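Reading through the structure tokens given below for one structure.
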Amino acid sequence: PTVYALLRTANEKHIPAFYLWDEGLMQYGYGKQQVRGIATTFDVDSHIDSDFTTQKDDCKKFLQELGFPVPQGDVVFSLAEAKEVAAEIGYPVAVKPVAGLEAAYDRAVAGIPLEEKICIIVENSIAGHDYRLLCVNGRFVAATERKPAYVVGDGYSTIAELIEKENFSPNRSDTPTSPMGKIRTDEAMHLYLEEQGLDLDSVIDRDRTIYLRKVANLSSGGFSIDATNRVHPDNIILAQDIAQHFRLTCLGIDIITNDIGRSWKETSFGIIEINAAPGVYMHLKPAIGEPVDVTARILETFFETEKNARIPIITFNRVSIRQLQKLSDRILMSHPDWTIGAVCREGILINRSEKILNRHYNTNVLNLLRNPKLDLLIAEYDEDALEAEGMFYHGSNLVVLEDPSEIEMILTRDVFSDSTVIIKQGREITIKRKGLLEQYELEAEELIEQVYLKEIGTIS
Amino acid sequence: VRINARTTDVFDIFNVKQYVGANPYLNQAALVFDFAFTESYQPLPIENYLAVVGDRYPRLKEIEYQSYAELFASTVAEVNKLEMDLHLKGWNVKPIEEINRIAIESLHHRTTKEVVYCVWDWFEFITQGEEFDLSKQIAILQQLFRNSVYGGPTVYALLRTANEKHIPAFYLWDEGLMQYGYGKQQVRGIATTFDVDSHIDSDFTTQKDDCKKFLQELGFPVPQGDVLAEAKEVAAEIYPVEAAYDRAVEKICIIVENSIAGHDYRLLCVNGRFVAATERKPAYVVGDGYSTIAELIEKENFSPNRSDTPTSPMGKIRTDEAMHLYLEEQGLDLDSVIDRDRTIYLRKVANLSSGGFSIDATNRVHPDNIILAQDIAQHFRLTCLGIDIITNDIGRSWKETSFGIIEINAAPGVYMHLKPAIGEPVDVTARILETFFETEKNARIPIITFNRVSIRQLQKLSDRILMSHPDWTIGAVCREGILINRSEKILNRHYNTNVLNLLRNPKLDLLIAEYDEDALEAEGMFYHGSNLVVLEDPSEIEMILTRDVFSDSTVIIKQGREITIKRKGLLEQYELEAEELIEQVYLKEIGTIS
Amino acid sequence: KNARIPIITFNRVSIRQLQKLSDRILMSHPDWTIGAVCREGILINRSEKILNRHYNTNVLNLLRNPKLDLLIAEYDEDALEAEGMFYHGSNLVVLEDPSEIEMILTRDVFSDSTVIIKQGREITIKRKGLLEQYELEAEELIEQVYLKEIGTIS
């Protein structure tokens, strides 16, 4: 769901993109403008910070030192009492637990301690809602409120029958197009239905509404609503301050508060956790509200225009290694600090050196477009290569043809408005440059090298 | 208490305090105490003390000591190095009233406290009793230091290099990292990992087989195996090298069709360049006395296998013989004897822990292998890369010799290249630090220090500065507020943590701070140096702020109506024309544009 | 970007402030020609011209000039309710105690423009997507805030 949105946005902006097997990554730029990543994690994201995000009870102290509103509780390995803290701190109004009065206190399943030792913290931030904030490149972008399911019916109906009737509603029908989904049940529903309702036997007296699960689950018939335009400036500044401290591209923040329209210094406010690789699908296709294009922001972080994602390319249809060495040496005289890559049917060279040629063609060109230091590509595509699989890149800045056949002429189809084309047939030379055409004849004992050695100056 | 202190002891020490950064007594962080006499008994003359303390270290007799306090301070300073040539050398004594206040430079405070206690106990035994065993305590102290946050070979090497290069560095708790800069020019990391290393490359480097496929598809020499039913050279048969195999039986890497060799080498790459290489050699045992058993080995254990000393060629030789089978393949009893027949090798896998050693091989590698390593390096966004190879001979090209690549590691230990058993040392931390910083100039930001100031003056000054550079970020802190540019933030109860929070900010361009007498006496400071100092009615203490300046600095002092300005050690003095504020003095002296 | 020039938008301003602003701009680009229009008069650089009865034709006359390099315009509530703006988008927006209607002046901006809003003693600034907010000193003027933001148009 998130990969395809990035692919569509890239296609709209004319940015290359291709998949790298044996690594499970996607690449966007060609030679040294490249960016590799998967979903919303990219290669510029740091290791230390991403690791530190997952360590709870240490982000809490870090956010508490520079004064930010966080709950007031502590870790527990006694799994016994230490109920002193429940009081050291105000009272256990509803002090909650989890890992990863003093009676239904941890008697509520005791959190079913699942592995060595961890539980409780305060719950003073028992203000009502759940909000998600997204930051890209340290700037506030989009916000969303999470809301769980509800039912509304009467005596004439039963919980299960009404749930089945609503599950057949056209808006909730299960398709990729529909935002919502099929309503499902689980142990949490039964756990929450002990207060006043009955398991599939209650009789709903009037319009009084039920919420079913407490914590919303977007897969199990929960939904979300857009809230981007109703956020106070103070909360925005707080989010920016939090997000400027990490070396990550996208950051997600979970907030619980009473009213999102008033300052955090006037109401009940609480920061729950921070996430490193957030899912951004809920912001693109909300249940009710307007969509926000976040993938455009993500891509504009790296590439301002299409020219910022390409390198110069030269393509032949028949060439030899000695000519390649001559051309590379001539180019290096004006740009001594570049890195040039050349490939043909006889060998592959990287700046006056010889490498090993792969058995399968069309893979050496892929290896040259993955090198993160390349500045210029020189490639050859004869008729057999074009009939086997086709070209690998798109467009070129210089095309040189020497006695082409019927198929090879297709190499002139994909060019820009500023490229140069050279064709030689017998003793006749045809040149197209900036939309202007020229034609003349060579003398005897002449070579085609002298024609393009002077034209090579334009790629600079 | 001193568990042993009892009955009598001439001397007494009390009131220990810890100072971070510059303090009234010493320039660096220090530990401070107060020394006195009990006066109940008369201590021995200095003649006896000296010679006894003048033995273990001849450097003590170099300088005169005068009173007892200087002798005690010098003794503590010399013992503090723990016989490891640490860069800690600093002490000071000041006589106040009848007492003497002594401060000594420290990096780990607990270690220095223990050193002081031990020296006091040694001193007190020079009369009553007359005996001591310092060697039993020094080992304990060394282990305690090595088990600390600051204790570590790579960590301390980086600390020493930073101190030599004059680069600030301090430890960040909560997170648990180390920082080497101020504001925008900063870098954080632990050991050899840094914050500019990619999250994807590190995870990829641990996949083993996928790295093998990736390296193979670029034309590199790697083993050709594939990763029981059939599956045992069904068609895995090339140069084959079943009951024995099954009883002998890492993740099913079946494998080694192509070649094999003996010698294992490790290459280290920093910032896509080649620096240093090392050969690993296992333990061997020989010499004429007959049944080596644990003998020629615990005689070998005699001249430098001084495992105990943390500075020694190599440790000791221990067994856990699991390679007994190995030797059993060669055929000998654990216990029988031989003479001058070969070398024998206790462990097949060279484990530098139990007896294996390291040999320098930097200046005898073929340039072709250097090119190959550099080409492999420049495909990941890491800063330090380690490559393991198996070669028949490292001195020739890899095309004409058997060669192989087995492992690539992202966080290599660089201790081997610093302290080789045989060969010359090679410095690797200097390259690491030169990767990020070039001089000491580009690791610091402009800092302004005040003596007493309020919020409104700070806002006026920050606005005045912003009129010149509109895009900067400016941080200001005082006794009742903290500001970024023009906005207000929350103030922490512990005063010194606010400066830390401001220095952790990755966008700061300029710092403005104020230190009064109470804060300066409680905890010294957090930063070192200044670019502009302003004093208004300074006290006796609140002038030590002039000791830490650079050659190009500006100092302004206002004493009564008199004003004094010092620029590059040029003094100009004036008197106030009338009742005027000091802000007019420095509002026109903003010359940090450079 | 080859078909546009920089534009600055106010909602209330006088001829005394326009001359100071243009004079400040001319110190770094001595050879430019700048045009400013408001309800009290119309200026080219430092000189005075004739003002038309129909307000929206002055902007057209300025945009037809074959030498202009920068435009400064004011659009209050009555002008917006009469016929609407004449150009599209702006690079810098200044608002001082705006109404309900005038807030729409912040709707059509680019991704690197600057917006300044003043309400009472409160100043709010948005710059390159980053927000900032603070308070004045009960004696300062708005001119001290935007005089240092003119570096972006350059």
request  = For region B:473-484, name all the residues that are part of a strand (DSSP E or B) and within 13 Å of chain A (Cβ to nearest Cβ).
outcome  = B:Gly475, B:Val477, B:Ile482, B:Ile484
inquiry  = Among the residues of region A:148-165, what is the count of those that are crowded, with 16+ Cβ neighbours inside 10 Å and closer than 30 Å to A:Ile255 by Cβ?
reply    = 3
query = Does region A:139-161 hold any residues that are in a strand (DSSP E or B) and charged (D, E, K, R), and which are they?
reply = A:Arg139, A:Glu145, A:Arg146, A:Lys147
request  = Only one of these is of a type outside the set (A, V, I, L, M) and either surrounded by 14 or more Cβ atoms within 10 Å (Cβ to Cβ) or in contact with a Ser or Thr (Cβ under 9 Å, 6 or more places away or on another chain) (or both): C:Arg53, C:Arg24, C:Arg39. Name it.
outcome  = C:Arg39
query = Can you tell me which of B:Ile490, B:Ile482 is over 28 Å from the mean Cα position of the chain (by Cα) and either surrounded by 14 or more Cβ atoms within 10 Å (Cβ to Cβ) or within 22 Å of B:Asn23 (Cβ to Cβ) (or both)?
reply = B:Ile482
ask   = How many residues are farther than 25 Å from A:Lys265 by Cα and within 11 Å of chain A (Cβ to nearest Cβ) if we restrict to region B:485-507?
value = 2
ask   = Among the candidates A:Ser220, A:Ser202, which residue alone is in a loop (DSSP other than H, G, I, E, B), away from every other protein chain (no Cβ under 14 Å), farther than 17 Å from A:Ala149 by Cα and polar (S, T, N, Q)?
value = A:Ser202
query = So is B:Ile390 surrounded by fewer than 20 Cβ atoms within 10 Å (Cβ to Cβ) and touching a helix residue (DSSP H, G or I) at 6+ places or on another chain (Cβ under 8 Å) or not?
reply = no
request  = Taking B:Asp246 as the residue in question, decide whether it is part of a helix (DSSP H, G or I) and loosely packed, with under 14 Cβ neighbours inside 10 Å.
outcome  = yes
note = Those residues of region B:153-194 which are within 14 Å of another protein chain (Cβ to nearest Cβ), out of contact with any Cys (no Cβ under 7 Å at 6 or more places or on another chain) and of a type in the set (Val, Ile, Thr) amount to B:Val187, B:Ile190, B:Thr193
query = When you go through (1) under 30 Å from B:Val234 (Cβ atoms); (2) part of a helix (DSSP H, G or I); (3) hydrophobic (A, V, I, L, M, F, W, C) one by one for B:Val256, which number turns out not to apply?
reply = (2)
ask   = Can you name the condition, by its number, that B:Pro470 falls short on among (1) assigned to a helix (DSSP H, G or I); (2) touching a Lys or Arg at 6+ places or on another chain (Cβ under 7 Å)?
value = (1)
query = If we scan region B:51-66, do we find a residue that is touching an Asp or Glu at 6+ places or on another chain (Cβ under 7 Å) and within 24 Å of B:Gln128 (Cα to Cα)?
reply = yes
Scan of region A:445-460 for residues that are assigned to a loop (DSSP other than H, G, I, E, B) and closer than 16 Å to A:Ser320 by Cβ, ordered by number = A:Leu447, A:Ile448
message = Exactly one of these conditions fails for B:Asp197: (1) within 14 Å of chain A (Cβ to nearest Cβ); (2) under 30 Å from A:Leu20 (Cα atoms); (3) out of contact with any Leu (no Cβ under 6 Å at 6 or more places or on another chain). Give me its number.
response = (3)
task = Would you confirm whether any residue within region B:434-441 is over 30 Å from B:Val555 (Cα atoms) and within 14 Å of another protein chain (Cβ to nearest Cβ)?
result = no
request  = Quick one: B:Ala243 ticks every box in (1) away from every other protein chain (no Cβ under 14 Å); (2) touching a helix residue (DSSP H, G or I) at 6+ places or on another chain (Cβ under 9 Å); (3) among the hydrophobic types (A, V, I, L, M, F, W, C); (4) farther than 30 Å from B:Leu502 by Cβ except a single one, so which number is it?
outcome  = (2)
Flag if B:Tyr265 is within 30 Å of B:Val196 (Cα to Cα) and of a type outside the set (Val, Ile, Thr) = yes
inquiry  = Conditions first: (1) part of a helix (DSSP H, G or I); (2) over 25 Å from the mean Cα position of the chain (by Cα). B:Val76 passes all but one, so which condition is the exception?
reply    = (2)
query = Name the strands (runs of 3 or more DSSP E) wholly within region A:21-138 that hold at least 2 residues that are away from chain B (no Cβ under 13 Å), closer than 29 Å to A:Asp234 by Cβ and touching a helix residue (DSSP H, G or I) at 6+ places or on another chain (Cβ under 6 Å)?
reply = A:129-136
task = Please verify whether region A:71-88 includes one or more residues that are in contact with a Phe, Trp or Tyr (Cβ under 8 Å, 6 or more places away or on another chain) and among the charged types (D, E, K, R).
result = yes
query = Among the candidates B:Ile338, B:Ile406, B:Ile389, which residue alone is farther than 29 Å from B:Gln207 by Cα and more than 14 Å from chain A (Cβ to nearest Cβ)?
reply = B:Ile338
query = Taking region A:290-306 only, how many residues are within 14 Å of chain C (Cβ to nearest Cβ), part of a helix (DSSP H, G or I), among the charged types (D, E, K, R) and within 17 Å of A:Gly29 (Cβ to Cβ)?
reply = 1
request  = Could you figure out which of (1) over 34 Å from the mean Cα position of the chain (by Cα); (2) exposed (fewer than 12 other Cβ atoms within 10 Å of the Cβ) isn't true of B:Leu334?
outcome  = (2)
ask   = For region A:384-423, which residues satisfy the criterion of being surrounded by 15 or more Cβ atoms within 10 Å (Cβ to Cβ) and more than 27 Å from A:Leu436 (Cβ to Cβ)?
value = A:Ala385, A:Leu386, A:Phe392
inquiry  = Name the single residue that is farthest from B:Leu144 (Cα to Cα) among those in region B:289-342 being of a type in the set (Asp, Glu) and outside any loop (DSSP other than H, G, I, E, B).
reply    = B:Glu329
task = May I ask you to list the residues in region B:58-73 that are assigned to a helix (DSSP H, G or I), among the charged types (D, E, K, R) and more than 21 Å from B:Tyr25 (Cα to Cα)?
result = B:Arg59, B:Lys61, B:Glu62
remark   = Pairs returned, first residue in region A:75-103 that is β-branched (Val, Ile, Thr), second residue that is assigned to a helix (DSSP H, G or I), beta-carbon separation under 9 angstrom, 6 or more apart or interchain, are A:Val76/A:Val85; A:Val95/A:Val85; A:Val95/A:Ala86; A:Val98/A:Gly111
ask   = Going through region B:202-229 one residue at a time, which ones are under 23 Å from B:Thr154 (Cα atoms) and facing chain A (nearest Cβ under 8 Å)?
value = B:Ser202
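Neighbour counts run over all protein chains shown; Cβ positions are idealised from the backbone, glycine included. We did not get these values from a lab; they are worked out from the coordinates using the rules stated.
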